[PDB]
């Protein structure tokens, strides 16, 4: 518990990277967040939207 | 560009389309800048 | 069938060639809502219902 500052600096960066990775799974309104679903299911004029 | 085509196929004369006219007859580029003008011509083209 | 008692067929355990459907100009509409009809022949599905 003395080294709470340094271990928090490690934790903040780990939480930031893990948040950034987990956001790859978010749809943001797309039909899927797996980019290969979109590219395999949709033809270019729909896929680009 | 100009031609006579069957009325049900006119939907294929656009960017991104598919079917026999768009695949083998005449294909627009997918970034086409232009106007597509068509009319039913059965009073003159039919024979 | 009638529209109040609409018919469902489960379609399963097969190849299906959707180009054979999409090529039929009799289909006055063929609107698809999460797949494009050109792409269907490169997919495979866990079930299909007609």
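Chains as they are written, first to last, in the entry's author numbering: chain B, 943 to 991; chain C, 398 to 444; chain A, 348 to 397.
For every residue, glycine included, the Cβ atom is placed at its ideal position computed from N, Cα and C.
For residue 416 of chain C and residue 351 of chain A, what's the separation of their Cα atoms in angstroms? In the second chain, residue 416 of chain C corresponds to position 19, counting from 1. In the third chain, residue 351 of chain A corresponds to position 4, counting from 1. Their backbone Cα atoms lie some 34 Å apart in a straight line.
Are the C-beta of residue 362 of chain A and some C-beta of chain B separated by less than 9 Å? Translated into the one-based positions of the third chain, residue 362 of chain A becomes position 15. Not one chain B Cβ lies under 9 Å of residue 362 of chain A.
Counting only the same chain and skipping the five closest in sequence on each side, list residues whose C-beta sits under 8 Å from that of residue 382 of chain A. Along the third chain, one-based indexing puts residue 382 of chain A at 35. For residue 382 of chain A, where only same-chain residues beyond five positions count, the Cβ hits under 8 Å are 390.
Please name the residue in A:353, A:380 and A:358 whose C-alpha comes closest to that of residue 393 of chain A. As a position in the third chain, residue 393 of chain A is number 46, starting the count at 1. Closest option to residue 393 of chain A, Cα to Cα, is A:358.
Measure the C-alpha to C-alpha separation of residue 970 of chain B and residue 441 of chain C and round it to an integer number of angstroms. Here residue 970 of chain B corresponds to residue number 28 of the first chain, with the count starting at 1. Here residue 441 of chain C corresponds to residue number 44 of the second chain, with the count starting at 1. So the two alpha carbons sit approximately 53 Å from each other.
Comparing C-alpha positions only, which one of C:444, C:412 and C:404 sits nearest to residue 426 of chain C? To locate residue 426 of chain C, count along the second chain from 1; it is residue 29. Residue C:412 is the option with its Cα nearest to residue 426 of chain C.
In the structure shown, what three-state DSSP assignment does residue 357 of chain A receive? Indexing the third chain from 1 puts residue 357 of chain A at position 10. The answer is strand: DSSP assigns residue 357 of chain A an E or B state.
Exposed or buried, which one is residue 368 of chain A when buried takes at least 16 other CB atoms within 10 Å? Your numbering for residue 368 of chain A matches position 21 in the third chain. Burial call: exposed.
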